[PDB]
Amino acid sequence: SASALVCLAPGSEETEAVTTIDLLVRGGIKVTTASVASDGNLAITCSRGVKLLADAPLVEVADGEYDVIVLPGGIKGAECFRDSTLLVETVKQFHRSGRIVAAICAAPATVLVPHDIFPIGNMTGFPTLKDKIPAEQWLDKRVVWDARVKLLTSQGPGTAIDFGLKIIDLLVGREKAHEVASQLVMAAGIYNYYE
């Protein structure tokens, strides 16, 4: 019965968003995609021109029963997220209500830091944006999970598998993470959750 809300804005990074969605569905997690900062328009043009159709406007789904809210990166998508009062409030509400916030690539530095959503609490993001993340919070790691604040972060398009697998591990369990990983033909240095 686990579910995820995956946010999409103009300029979101399509590999990050789609890889994550696909893995979550492979993990048996129900995914809803939400259009952010488009006044309800479901057509989203991503950072390298891939066009997606979101399921619903964020304002219609923000109050639902999801276990995780996912913020893909892509600098311009992340800026839309940052500048959306609804997005920011929804992320805060997910946190305060004991749910997971998952953010990749530009999203940590661009969305979470300026709004002080997670002012203590370990976090990563795209490495060339390292300086935008407070020194004491930064870790240069493919995926960072801070259970104290239920914050999952990750670094880039190439870490989207690692990111999605950790969401599965947290929501469904290790066995299912391995089941999913085992069918992807993953590169050798990525953790596969085996026994």
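For every residue, the number given is its place in the sequence shown, counted from 1.
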{"item": "Stretch with the higher entry mean CA B-factor, where the candidates are 124-132 and 26-34", "value": "124-132"}
{"item": "Entry-level comparison of average CA B-factors, 156-164 and 55-63, reporting the higher stretch", "value": "55-63"}
{"item": "Among modelled residues of the same chain, the CA temperature factor third for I44", "value": "middle"}
{"item": "Third of the chain, ranked by Cα B-factor, where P114 sits", "value": "highest"}
{"item": "CA B-factor placement of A102, once the chain's modelled residues are sorted into thirds", "value": "lowest"}
{"item": "Within-chain third of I75 by Cα B-factor, per the entry", "value": "highest"}
{"item": "Within-chain third of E179 by Cα B-factor, per the entry", "value": "middle"}
